[PDB]
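Undergrad: Below is a structure I'd like to ask you about.
Protein chains: 2
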Amino acid sequence: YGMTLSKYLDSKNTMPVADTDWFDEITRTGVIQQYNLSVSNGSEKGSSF
Amino acid sequence: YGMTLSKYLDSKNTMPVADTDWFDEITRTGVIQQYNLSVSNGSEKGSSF
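Chains as they are written, first to last, in the authors' numbering: chain B, 274 to 322; chain B', 274 to 322. A prime marks a further copy of an entry chain.
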């Protein structure tokens with residue numbers, strides 16, 4: 274019918290009761306960056322990159 | 274006038290008497306080697322080495 278929860282998980286009240294969503298807590302919006310420069314040259318006698 | 278040397282430096286004869294030339298003993302004829310190849314190219318548009 275009904276359900277009550279204590280406010281602290283220990284007698285000495287060092288640890289409050291939560292409704293923590295742990296996966297939300299350990300995840301985040303990631304950020305990716307990427308840059309690349311490339312340059313090349315072609316002679317009859319050689320080539321370089 | 275004259276001078277005699279024992280044959281071992283210790284009573285128990287574990288260490289013979291020598292006339293060691295120590296600098297000759299720790300030195301040697303050294304050997305040096307050296308090789309180098311290099312290559313280069315020149316275009317109106319670039320250059321490489």
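Just so you know, even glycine gets a beta-carbon here, dropped at the ideal spot from N, CA and C.
(1) Along chain B', in chain order, which residues have C-beta atoms closer than 7 Å to that of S316/B?
(2) With DSSP as the reference, identify every bridge partner of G315/B', one or two as the case may be.
(3) If you measure between the beta carbons of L282/B and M276/B, is that distance less than 7 Å?
(4) What are the residues that DSSP puts in a beta bridge with residue 324/B?
(5) Between the Cα of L310/B and the Cα atoms of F322/B, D297/B, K318/B and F296/B, which residue gives the shortest distance?
TA: According to the structure data:
(1) Counted from its first residue, the first sequence places residue 316/B at position 43. When 7 Å is used as the limit between beta carbons, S316/B is near these residues of chain B': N314 and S316, in chain order.
(2) What you label residue 315/B' is simply residue 42 of the second sequence in a count that begins at 1. For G315/B', the pairing in a beta bridge is given by DSSP as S320/B'.
(3) Within the first sequence, the letter at position 9 stands for residue 282/B. Within the first sequence, the letter at position 3 stands for residue 276/B. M276/B sits away from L282/B, with the two beta carbons spaced by 7 Å or more.
(4) With chain B covering 274 to 322 only, the question about residue 324/B has no answer from this structure.
(5) Position 37 of the first sequence, counted from the start, is the residue given in the question as residue 310/B. In this structure, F322/B is the residue among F322/B, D297/B, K318/B and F296/B with its C-alpha nearest to the C-alpha of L310/B.
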